[PDB]
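Chemist: Below: one structure in structure tokens.
Here Cβ is always computed from backbone atoms with ideal geometry, including for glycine, and neighbour counts include all displayed protein chains. Values quoted throughout were computed directly from the atomic coordinates according to the rules given, and no laboratory measurement underlies them.
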Amino acid sequence: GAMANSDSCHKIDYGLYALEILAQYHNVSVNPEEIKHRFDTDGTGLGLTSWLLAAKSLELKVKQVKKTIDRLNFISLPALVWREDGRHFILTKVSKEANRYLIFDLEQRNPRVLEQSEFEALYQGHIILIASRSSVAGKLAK
């Protein structure tokens, strides 16, 4: 709206959200308001590079790299599968035995288990690996 009350609808951003989840997953601070203020200055969502820097600014380690689904089982989970369409999601586990993939839906704020055909249909090859000074292993949910 525009009447000195809302100005601009807080259009949710899966990217920023994922950052929050990952930031919170690592127990690292994250101010989406400030994040968007620093990286989403455009107000159109956190960019790949802007998002990566968003996590770094939080004293949180992150790095986008082109990996293969077969590698996601060895990458730093939970990992963030960057989606050029903005419909990203956080990979937390992969059931190669069943070809399924456990991801965190940034829309519903809940985990989900996709099928290879599904994950493959969504995966692009570029994933963002996150790490924290205190958590540089990823496997926090032993």
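Chemist: The conditions are (1) under 19 Å from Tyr17 (Cα atoms); (2) touching a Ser or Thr at 6+ places or on another chain (Cβ under 8 Å), and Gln108 fails exactly one of them. Which is it?
Modeler: (2) is the only condition that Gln108 fails.
Chemist: Would you check if there is a residue in the stretch 118-133 being surrounded by 13 or more Cβ atoms within 10 Å (Cβ to Cβ), free of Cβ contacts under 8 Å to residues at least 60 places away in the same chain, small (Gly, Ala, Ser) and touching a strand residue (DSSP E or B) at 6+ places or on another chain (Cβ under 8 Å)?
Modeler: No, every residue in the stretch 118-133 fails to be surrounded by 13 or more Cβ atoms within 10 Å (Cβ to Cβ), free of Cβ contacts under 8 Å to residues at least 60 places away in the same chain, small (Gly, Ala, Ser) and touching a strand residue (DSSP E or B) at 6+ places or on another chain (Cβ under 8 Å).
Let's see how each residue does on (1) within 13 Å of the chain's Cα centre (by Cα); (2) under 26 Å from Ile12 (Cβ atoms):
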{"residue": "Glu84", "(1), (2)": "yes, yes"}
{"residue": "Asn99", "(1), (2)": "no, no"}
{"residue": "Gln108", "(1), (2)": "no, yes"}
{"residue": "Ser117", "(1), (2)": "no, no"}
{"residue": "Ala121", "(1), (2)": "no, yes"}
{"residue": "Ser132", "(1), (2)": "no, yes"}
{"residue": "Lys142", "(1), (2)": "no, no"}
